[PDB]
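J.: Handing you a structure now.
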Amino acid sequence: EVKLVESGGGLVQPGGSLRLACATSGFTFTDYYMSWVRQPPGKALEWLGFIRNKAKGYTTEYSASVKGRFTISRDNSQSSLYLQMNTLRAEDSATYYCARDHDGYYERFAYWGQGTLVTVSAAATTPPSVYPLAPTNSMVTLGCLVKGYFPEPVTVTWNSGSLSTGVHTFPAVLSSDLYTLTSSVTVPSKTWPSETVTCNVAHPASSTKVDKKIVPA
Amino acid sequence: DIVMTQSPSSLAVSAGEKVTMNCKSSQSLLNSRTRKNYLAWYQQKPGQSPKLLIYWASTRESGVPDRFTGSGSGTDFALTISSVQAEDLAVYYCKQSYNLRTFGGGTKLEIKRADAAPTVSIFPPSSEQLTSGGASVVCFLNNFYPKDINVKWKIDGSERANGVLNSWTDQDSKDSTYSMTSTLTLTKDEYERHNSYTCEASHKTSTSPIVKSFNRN
Ligand SMILES: C=CCO[C@@]1(C(=O)O)O[C@H]([C@H](O)CO)[C@H](O)[C@H](O)[C@@H]1O
Ligand SMILES: [Zn+2]
């Protein structure tokens, strides 16, 4: 089955460079153009360039906004695609997507990867502190406070994914160069605290993995 | 060079209602050889990657519900949704591929639903945060409509408005509600100078605020 996976994202200082990778699988790589697209948070998609397939001899095209500053290349032995990024500025901060492009027939980006987030900031990587939010009704609501990390993103799960419904993860807010966000989970008052509830938080920037059990006050 | 404007920037519609969003090109995207328009539509749900909906203006991609119809030609194109479902919450992008690739700025589609009151939960600082010298007080206002909502923090009956950060979720894809988080941050010391902590929720669903309180007790 078709897969596309971006990697390499994270914090880079302004003026800095960074290369992203895009691993693929489940389709015949050399037959396809491959595209990179970005998206500043809360903003529009932007196509940046492609590298054509084997029929057209793997040539590259670029959007005027990155032409000369960004470089695309593929490794056909590995079914892998790259974006070399130079001389980064704040407006380069964005989620980056690889996408399967033209194949000769169809005009469609049939598949996209999950994207990887790039932050261009002089600010320093900071690991999050994770705090339990513990409190009557028939439903009860718990949370984890993920405070003071940088850069984005973090992930939050509840009981290693097995608690998926009734979960609200709130968008992080920025302050003094530290992000802060929370996640709430609603469960039957029947079940808590008779049954453990734990949030699992990750901050890849800092290789941080935190488990925090919500224990009654 | 190819410029894509999309219209409107945003709108809200009730479930079942019909929806039309438009896509202008600065030039024709009709390829006379293939007699097709090189224009695609992508759906991008909150937190998700862009997914292909329509290519060659009119062609619906497999899996895609028939309620989604792509229309138009030349420089004017339209994505119609004939009977909108809650799941349809997303930003929709048009993109030309007649001359490289260019995305439009997007149409953000929100869902209208009946007014619903917020469930409100308040949470005192964890002892972990406290021993480290900080005090975040957190309040969840979950699953309400509409989005517009005012929070008041009151300490010993007096409104404090500094140290307060608020965060709204994207609209929920199932029940079409919104949730909001509000965190008031203090030093442990300041936290210890006061007795009563109150999250006051003011929503048009009731003339009376929802009031959740705890005592540093
Ligand atoms: C002979 C194929 C050319 O394909 C490309 C290409 O590779 O350059 O050019 C096409 C134009 O319609 C040609 O006039 C399409 O934009 C296509 O997606 C692709 O960008
Ligand atoms: Zn060329």
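Residue names in the structure tokens use chain letters A, B, ... in the order shown, residue numbers from 1 in each chain, and ligand numbers from 1 in the order shown.
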Just want the 8 Å neighbourhood of range 183-200 of chain A, counted on only C-alpha atoms, with same-chain residues fewer than 3 positions away dropped. Output as a PyMOL selection string.

T.: (chain A and resi 136-145+155-160+166-170+209-216) or (chain B and resi 140)

J.: Hey, what's within 10 Å of residue 210 in chain B if we count only C-alpha atoms and toss same-chain stuff fewer than 2 positions away? As number ranges by chain, please?

T.: B: 117-121, 141, 151, 199-203, 206-208, 212

J.: Take the selection from the previous step and output its residues with C-alpha atoms, as a PDB file, in the first residue's frame.

T.:
```pdb
ATOM      1  CA  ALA B 117     -23.976  25.380  26.388  1.00  0.00           C
ATOM      2  CA  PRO B 118     -20.357  24.690  27.500  1.00  0.00           C
ATOM      3  CA  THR B 119     -19.451  22.079  30.103  1.00  0.00           C
ATOM      4  CA  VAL B 120     -16.970  23.817  32.394  1.00  0.00           C
ATOM      5  CA  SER B 121     -14.158  22.252  34.429  1.00  0.00           C
ATOM      6  CA  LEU B 141     -15.091  25.018  28.408  1.00  0.00           C
ATOM      7  CA  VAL B 151     -14.175  33.696  30.253  1.00  0.00           C
ATOM      8  CA  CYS B 199     -13.676  30.269  36.179  1.00  0.00           C
ATOM      9  CA  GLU B 200     -16.703  32.203  34.990  1.00  0.00           C
ATOM     10  CA  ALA B 201     -18.121  31.169  31.609  1.00  0.00           C
ATOM     11  CA  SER B 202     -20.345  33.654  29.759  1.00  0.00           C
ATOM     12  CA  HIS B 203     -22.128  32.180  26.727  1.00  0.00           C
ATOM     13  CA  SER B 206     -27.725  31.430  29.311  1.00  0.00           C
ATOM     14  CA  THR B 207     -28.018  34.917  30.801  1.00  0.00           C
ATOM     15  CA  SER B 208     -26.236  33.482  33.845  1.00  0.00           C
ATOM     16  CA  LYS B 212     -16.703  26.619  38.586  1.00  0.00           C
TER      17      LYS B 212
END
```

J.: Starting from chain A, keep only residues with some atom at most 6 Å from an atom of chain B, counting only C-alpha atoms, and report them as a list in words.

T.: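 Written out as asked, the residues are residues 44, 108, 133, 135 and 170 of chain A.
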
J.: Would you export the selected residues with N, CA and C atoms as a PDB file, in the first residue's frame, please?

T.:
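Final file, out-v2.pdb:
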```pdb
ATOM      1  N   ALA A  44      -2.198  29.068   4.013  1.00  0.00           N
ATOM      2  CA  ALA A  44      -2.465  28.344   2.781  1.00  0.00           C
ATOM      3  C   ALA A  44      -1.333  27.385   2.415  1.00  0.00           C
ATOM      4  N   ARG A 108      -3.072  14.889 -10.782  1.00  0.00           N
ATOM      5  CA  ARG A 108      -3.543  14.846  -9.405  1.00  0.00           C
ATOM      6  C   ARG A 108      -2.395  14.584  -8.438  1.00  0.00           C
ATOM      7  N   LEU A 133      -3.971  17.354  35.350  1.00  0.00           N
ATOM      8  CA  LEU A 133      -5.116  18.189  35.672  1.00  0.00           C
ATOM      9  C   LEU A 133      -6.141  17.253  36.269  1.00  0.00           C
ATOM     10  N   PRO A 135      -9.515  16.957  38.995  1.00  0.00           N
ATOM     11  CA  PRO A 135     -10.556  17.611  39.797  1.00  0.00           C
ATOM     12  C   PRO A 135     -10.435  17.232  41.272  1.00  0.00           C
ATOM     13  N   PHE A 170      -5.818  21.060  22.875  1.00  0.00           N
ATOM     14  CA  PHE A 170      -5.946  22.475  22.526  1.00  0.00           C
ATOM     15  C   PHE A 170      -4.694  23.014  21.823  1.00  0.00           C
TER      16      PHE A 170
END
```

J.: Around ligand 2, which protein and nucleic acid residues have at least one atom no more than 8 Å from it, if we count only C-alpha atoms and all ligand atoms? List them as a list in words.

T.: residues 59, 60 and 61 of chain A

J.: Quick one: contact table of chain A to ligand 1, 10 Å max, nearest atom pair and distance in Å to one decimal per residue, counting only C-alpha atoms and all ligand atoms, chain and number order, as a Markdown table?

T.:
```
| residue | atom | partner | partner_atom_place_in_ligand_line | distance |
| --- | --- | --- | --- | --- |
| A:33 | CA | ligand 1 | 7 (O) | 7.8 |
| A:50 | CA | ligand 1 | 20 (O) | 8.6 |
| A:51 | CA | ligand 1 | 7 (O) | 8.7 |
| A:52 | CA | ligand 1 | 7 (O) | 6.1 |
| A:53 | CA | ligand 1 | 7 (O) | 8.3 |
| A:55 | CA | ligand 1 | 1 (C) | 9.2 |
| A:56 | CA | ligand 1 | 7 (O) | 6.9 |
| A:57 | CA | ligand 1 | 7 (O) | 9.9 |
| A:58 | CA | ligand 1 | 7 (O) | 9.5 |
| A:59 | CA | ligand 1 | 7 (O) | 8.4 |
| A:60 | CA | ligand 1 | 7 (O) | 9.1 |
| A:61 | CA | ligand 1 | 8 (O) | 8.1 |
| A:101 | CA | ligand 1 | 18 (O) | 7.8 |
| A:102 | CA | ligand 1 | 18 (O) | 5.5 |
| A:103 | CA | ligand 1 | 18 (O) | 8.3 |
| A:104 | CA | ligand 1 | 2 (C) | 6.4 |
| A:105 | CA | ligand 1 | 2 (C) | 8.6 |
| A:106 | CA | ligand 1 | 18 (O) | 8.0 |
| A:107 | CA | ligand 1 | 18 (O) | 5.8 |
| A:108 | CA | ligand 1 | 18 (O) | 8.3 |
```

J.: Just to be explicit: take each residue in the selection above, keep N, CA, C and O atoms, and write the result as a PDB file, in the first residue's frame.

T.:
```pdb
ATOM      1  N   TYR A  33       6.430  11.998 -10.993  1.00  0.00           N
ATOM      2  CA  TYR A  33       6.911  13.282 -10.515  1.00  0.00           C
ATOM      3  C   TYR A  33       6.683  13.247  -9.006  1.00  0.00           C
ATOM      4  O   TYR A  33       5.797  12.540  -8.514  1.00  0.00           O
ATOM      5  N   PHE A  50       8.819  20.399  -8.076  1.00  0.00           N
ATOM      6  CA  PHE A  50       8.809  18.955  -8.279  1.00  0.00           C
ATOM      7  C   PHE A  50      10.087  18.494  -8.961  1.00  0.00           C
ATOM      8  O   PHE A  50      10.884  19.300  -9.422  1.00  0.00           O
ATOM      9  N   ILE A  51      10.291  17.187  -8.976  1.00  0.00           N
ATOM     10  CA  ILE A  51      11.294  16.576  -9.822  1.00  0.00           C
ATOM     11  C   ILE A  51      10.557  15.523 -10.633  1.00  0.00           C
ATOM     12  O   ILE A  51       9.906  14.642 -10.070  1.00  0.00           O
ATOM     13  N   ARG A  52      10.612  15.659 -11.957  1.00  0.00           N
ATOM     14  CA  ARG A  52       9.876  14.776 -12.861  1.00  0.00           C
ATOM     15  C   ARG A  52      10.296  13.312 -12.731  1.00  0.00           C
ATOM     16  O   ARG A  52      11.290  12.990 -12.074  1.00  0.00           O
ATOM     17  N   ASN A  53       9.526  12.436 -13.372  1.00  0.00           N
ATOM     18  CA  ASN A  53       9.788  11.005 -13.370  1.00  0.00           C
ATOM     19  C   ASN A  53      10.928  10.566 -14.297  1.00  0.00           C
ATOM     20  O   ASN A  53      11.708  11.385 -14.795  1.00  0.00           O
ATOM     21  N   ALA A  55      10.544   9.031 -17.242  1.00  0.00           N
ATOM     22  CA  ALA A  55      10.236   9.410 -18.622  1.00  0.00           C
ATOM     23  C   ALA A  55      10.851  10.762 -18.990  1.00  0.00           C
ATOM     24  O   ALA A  55      11.396  10.930 -20.089  1.00  0.00           O
ATOM     25  N   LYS A  56      10.784  11.726 -18.079  1.00  0.00           N
ATOM     26  CA  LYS A  56      11.300  13.053 -18.399  1.00  0.00           C
ATOM     27  C   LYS A  56      12.709  13.289 -17.857  1.00  0.00           C
ATOM     28  O   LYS A  56      13.176  14.429 -17.812  1.00  0.00           O
ATOM     29  N   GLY A  57      13.382  12.206 -17.462  1.00  0.00           N
ATOM     30  CA  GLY A  57      14.738  12.276 -16.948  1.00  0.00           C
ATOM     31  C   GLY A  57      14.941  13.024 -15.633  1.00  0.00           C
ATOM     32  O   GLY A  57      15.953  13.722 -15.472  1.00  0.00           O
ATOM     33  N   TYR A  58      13.990  12.886 -14.705  1.00  0.00           N
ATOM     34  CA  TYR A  58      14.109  13.426 -13.337  1.00  0.00           C
ATOM     35  C   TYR A  58      14.590  14.874 -13.230  1.00  0.00           C
ATOM     36  O   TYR A  58      15.455  15.189 -12.400  1.00  0.00           O
ATOM     37  N   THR A  59      14.054  15.750 -14.073  1.00  0.00           N
ATOM     38  CA  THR A  59      14.343  17.179 -13.967  1.00  0.00           C
ATOM     39  C   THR A  59      13.521  17.882 -12.884  1.00  0.00           C
ATOM     40  O   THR A  59      12.445  17.413 -12.480  1.00  0.00           O
ATOM     41  N   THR A  60      14.035  19.016 -12.424  1.00  0.00           N
ATOM     42  CA  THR A  60      13.393  19.767 -11.356  1.00  0.00           C
ATOM     43  C   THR A  60      12.773  21.080 -11.840  1.00  0.00           C
ATOM     44  O   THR A  60      13.273  21.716 -12.774  1.00  0.00           O
ATOM     45  N   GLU A  61      11.665  21.461 -11.203  1.00  0.00           N
ATOM     46  CA  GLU A  61      11.041  22.769 -11.397  1.00  0.00           C
ATOM     47  C   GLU A  61      10.820  23.391 -10.019  1.00  0.00           C
ATOM     48  O   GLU A  61      10.654  22.669  -9.033  1.00  0.00           O
ATOM     49  N   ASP A 101       3.099  13.198  -7.522  1.00  0.00           N
ATOM     50  CA  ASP A 101       2.630  14.107  -8.559  1.00  0.00           C
ATOM     51  C   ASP A 101       2.368  13.333  -9.849  1.00  0.00           C
ATOM     52  O   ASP A 101       1.981  12.161  -9.822  1.00  0.00           O
ATOM     53  N   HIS A 102       2.603  14.008 -10.971  1.00  0.00           N
ATOM     54  CA  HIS A 102       2.300  13.503 -12.307  1.00  0.00           C
ATOM     55  C   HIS A 102       2.899  12.122 -12.555  1.00  0.00           C
ATOM     56  O   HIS A 102       3.964  11.798 -12.029  1.00  0.00           O
ATOM     57  N   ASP A 103       2.221  11.318 -13.370  1.00  0.00           N
ATOM     58  CA  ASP A 103       2.778  10.033 -13.796  1.00  0.00           C
ATOM     59  C   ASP A 103       2.776   9.855 -15.320  1.00  0.00           C
ATOM     60  O   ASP A 103       3.194   8.816 -15.836  1.00  0.00           O
ATOM     61  N   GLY A 104       2.312  10.875 -16.035  1.00  0.00           N
ATOM     62  CA  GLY A 104       2.158  10.774 -17.476  1.00  0.00           C
ATOM     63  C   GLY A 104       0.703  10.936 -17.892  1.00  0.00           C
ATOM     64  O   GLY A 104       0.398  11.684 -18.826  1.00  0.00           O
ATOM     65  N   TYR A 105      -0.196  10.242 -17.194  1.00  0.00           N
ATOM     66  CA  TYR A 105      -1.638  10.411 -17.400  1.00  0.00           C
ATOM     67  C   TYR A 105      -2.216  11.493 -16.465  1.00  0.00           C
ATOM     68  O   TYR A 105      -2.266  12.671 -16.826  1.00  0.00           O
ATOM     69  N   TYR A 106      -2.625  11.080 -15.263  1.00  0.00           N
ATOM     70  CA  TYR A 106      -3.445  11.912 -14.379  1.00  0.00           C
ATOM     71  C   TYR A 106      -2.794  13.201 -13.917  1.00  0.00           C
ATOM     72  O   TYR A 106      -1.573  13.276 -13.766  1.00  0.00           O
ATOM     73  N   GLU A 107      -3.627  14.218 -13.706  1.00  0.00           N
ATOM     74  CA  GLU A 107      -3.190  15.489 -13.137  1.00  0.00           C
ATOM     75  C   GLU A 107      -3.688  15.624 -11.696  1.00  0.00           C
ATOM     76  O   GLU A 107      -4.608  16.382 -11.419  1.00  0.00           O
ATOM     77  N   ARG A 108      -3.072  14.889 -10.782  1.00  0.00           N
ATOM     78  CA  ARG A 108      -3.543  14.846  -9.405  1.00  0.00           C
ATOM     79  C   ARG A 108      -2.395  14.584  -8.438  1.00  0.00           C
ATOM     80  O   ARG A 108      -1.449  13.858  -8.752  1.00  0.00           O
TER      81      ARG A 108
END
```

J.: Mind giving me the straight-line distance from CA of residue 15 in chain B to CA of residue 85 in chain B in Å, one decimal?

T.: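 CA of residue 15 in chain B sits 5.3 Å away from CA of residue 85 in chain B.
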
J.: Let's see if you can do this: from backbone DSSP, list all helix (DSSP H, G or I) residues in range 3-217 of chain B, as a list in words.

T.: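 Matching residues for helix (DSSP H, G or I) in range 3-217 of chain B are residues 86, 87, 88, 127, 128, 129, 130, 131, 188, 189, 190, 191 and 192 of chain B.
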
J.: Please return, as a PyMOL selection string, all residues of range 69-148 of chain A that DSSP assigns to strand (DSSP E) on the basis of the backbone.

T.: chain A and resi 70-75+80-85+94-100+116-120+129-133+139-148

J.: Those residues you just picked out, can you put them in a file as a PDB file, in the first residue's frame with C-alpha atoms?

T.:
```
ATOM      1  CA  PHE A  70      15.764  25.335  -2.463  1.00  0.00           C
ATOM      2  CA  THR A  71      16.929  22.109  -4.124  1.00  0.00           C
ATOM      3  CA  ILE A  72      15.056  18.917  -4.935  1.00  0.00           C
ATOM      4  CA  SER A  73      16.626  15.545  -5.572  1.00  0.00           C
ATOM      5  CA  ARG A  74      15.572  11.868  -5.461  1.00  0.00           C
ATOM      6  CA  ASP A  75      17.346   8.588  -4.762  1.00  0.00           C
ATOM      7  CA  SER A  80      13.222   8.512  -1.497  1.00  0.00           C
ATOM      8  CA  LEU A  81      12.885  12.254  -2.114  1.00  0.00           C
ATOM      9  CA  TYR A  82      14.734  15.292  -0.650  1.00  0.00           C
ATOM     10  CA  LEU A  83      14.368  19.006  -0.150  1.00  0.00           C
ATOM     11  CA  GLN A  84      17.563  20.879   0.560  1.00  0.00           C
ATOM     12  CA  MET A  85      16.736  24.263   2.115  1.00  0.00           C
ATOM     13  CA  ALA A  94       5.871  25.687   8.073  1.00  0.00           C
ATOM     14  CA  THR A  95       4.709  22.117   7.716  1.00  0.00           C
ATOM     15  CA  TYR A  96       6.328  20.500   4.719  1.00  0.00           C
ATOM     16  CA  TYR A  97       4.608  17.814   2.656  1.00  0.00           C
ATOM     17  CA  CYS A  98       5.897  15.448   0.054  1.00  0.00           C
ATOM     18  CA  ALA A  99       3.243  14.533  -2.479  1.00  0.00           C
ATOM     19  CA  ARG A 100       3.063  12.094  -5.377  1.00  0.00           C
ATOM     20  CA  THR A 116       7.078  17.595   8.998  1.00  0.00           C
ATOM     21  CA  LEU A 117       7.141  20.963  10.840  1.00  0.00           C
ATOM     22  CA  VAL A 118      10.064  23.392  10.418  1.00  0.00           C
ATOM     23  CA  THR A 119      10.550  26.326  12.742  1.00  0.00           C
ATOM     24  CA  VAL A 120      13.097  28.965  11.884  1.00  0.00           C
ATOM     25  CA  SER A 129       7.016  20.052  31.729  1.00  0.00           C
ATOM     26  CA  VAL A 130       3.927  17.897  31.959  1.00  0.00           C
ATOM     27  CA  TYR A 131       1.373  18.415  34.722  1.00  0.00           C
ATOM     28  CA  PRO A 132      -1.765  16.428  35.706  1.00  0.00           C
ATOM     29  CA  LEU A 133      -5.116  18.189  35.672  1.00  0.00           C
ATOM     30  CA  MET A 139     -19.025  12.132  33.119  1.00  0.00           C
ATOM     31  CA  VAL A 140     -15.678  13.367  34.512  1.00  0.00           C
ATOM     32  CA  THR A 141     -12.985  15.435  32.704  1.00  0.00           C
ATOM     33  CA  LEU A 142      -9.221  15.113  33.162  1.00  0.00           C
ATOM     34  CA  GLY A 143      -6.320  16.912  31.520  1.00  0.00           C
ATOM     35  CA  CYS A 144      -2.594  17.135  31.117  1.00  0.00           C
ATOM     36  CA  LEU A 145      -0.891  20.535  30.953  1.00  0.00           C
ATOM     37  CA  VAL A 146       2.052  20.567  28.589  1.00  0.00           C
ATOM     38  CA  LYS A 147       3.875  23.762  29.474  1.00  0.00           C
ATOM     39  CA  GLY A 148       7.012  25.635  28.385  1.00  0.00           C
TER      40      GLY A 148
END
```
